[PDB]
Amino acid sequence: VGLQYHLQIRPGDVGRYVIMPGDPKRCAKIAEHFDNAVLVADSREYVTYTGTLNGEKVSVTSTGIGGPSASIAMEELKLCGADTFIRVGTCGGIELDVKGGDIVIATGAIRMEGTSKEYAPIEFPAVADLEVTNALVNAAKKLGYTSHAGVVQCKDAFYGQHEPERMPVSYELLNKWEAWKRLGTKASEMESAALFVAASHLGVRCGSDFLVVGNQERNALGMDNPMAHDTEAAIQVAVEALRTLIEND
């Protein structure tokens, strides 16, 4: 294995454990939670920092928006030695109890996107690794953060989530959205389906937690809908979960 084309990393540049935010600008924020983390690469939408946690090498690499760029990151990180991943992002609540400021931990994801379909037949479930999921749930409890563990909807079109009525395929998006609501779906985001399915194929462990920035369903009902933007809580949960996974390994 040599220099990776998209991420510009080589074997030895990253740890076995990696946190993956969508926004490259969030990597520095996350790296602050690691020990002696330095920037290893900044290529395209991929910023990578590597430091340590409990003395073990760990990294944080952005994926950009969408399963296409996210799967490229997992593939190249895996080739360089990574085997445990935790996506840390933002999401829009669906379930009425999921409010801005809360944390969502994905147990699985709705594969309404194309990247996963180029990895596995659609019938295969996008499911998060059990160990990573439990580590996240336990971390949130220990830190005292309100959390929701459940399925999250993934999609390829961000504007299909907030303006489905305008789309040529509005009927499809609207019908499926009601379906997600009737299935107990917690929130909506964009990268977990691709990461979970790719992880199943690559044989690595992957989980995800998110900061709920708001809830459109609560808004439509006129219910109080506080907005949030600071991902610190979600980051703290992911880092504590990593410490747990590292020690258990």
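Residues carry their position along the shown sequence, with the first being 1.
K.L.:
So, looking at the entry's B-factor column for Cα atoms, which has the higher mean, 155-163 or 120-128?
P.N.:
Comparing averages over the C-alpha atoms only gives 155-163.
K.L.:
Can you let me know which of the two, 188-196 or 48-56, has the higher average C-alpha B-factor in the entry?
P.N.:
In the deposited entry, the stretch with the higher C-alpha B-factor mean is 48-56.
K.L.:
Please pick out which of 113, 178, 75, 102 has the largest Cα B-factor as recorded in the entry.
P.N.:
Spelled out: the listed residue with the top C-alpha B-factor is 102.
K.L.:
If you compare 62, 219, 69, 208, which has the highest Cα B-factor in the entry?
P.N.:
That would be 219, according to the entry.
K.L.:
Using the temperature factors of the C-alpha atoms in this entry, rank residue 91 within its chain: lowest, middle or highest third.
P.N.:
For residue 91, the deposited C-alpha B-factor lands in the middle third.
K.L.:
What third of the chain does residue 85 rank in for C-alpha temperature factor, lowest, middle or highest?
P.N.:
For residue 85, whose C-alpha B-factor we compare with every modelled residue in the chain, the answer is the lowest third.
K.L.:
Sorting the chain's modelled residues by C-alpha B-factor, tell me whether residue 9 ends up in the lowest, middle or highest third.
P.N.:
Middle third.
K.L.:
Using only modelled residues of the chain, where does the Cα B factor of residue 79 rank: lowest third, middle third or highest third?
P.N.:
Its C-alpha B-factor belongs to the highest third of this chain's values.
K.L.:
Would you mind checking where the Cα B-factor of residue 41 ranks among the modelled residues of its chain, as the lowest, middle or highest third?
P.N.:
It belongs to the highest third of the chain when residues are ordered by C-alpha B-factor.
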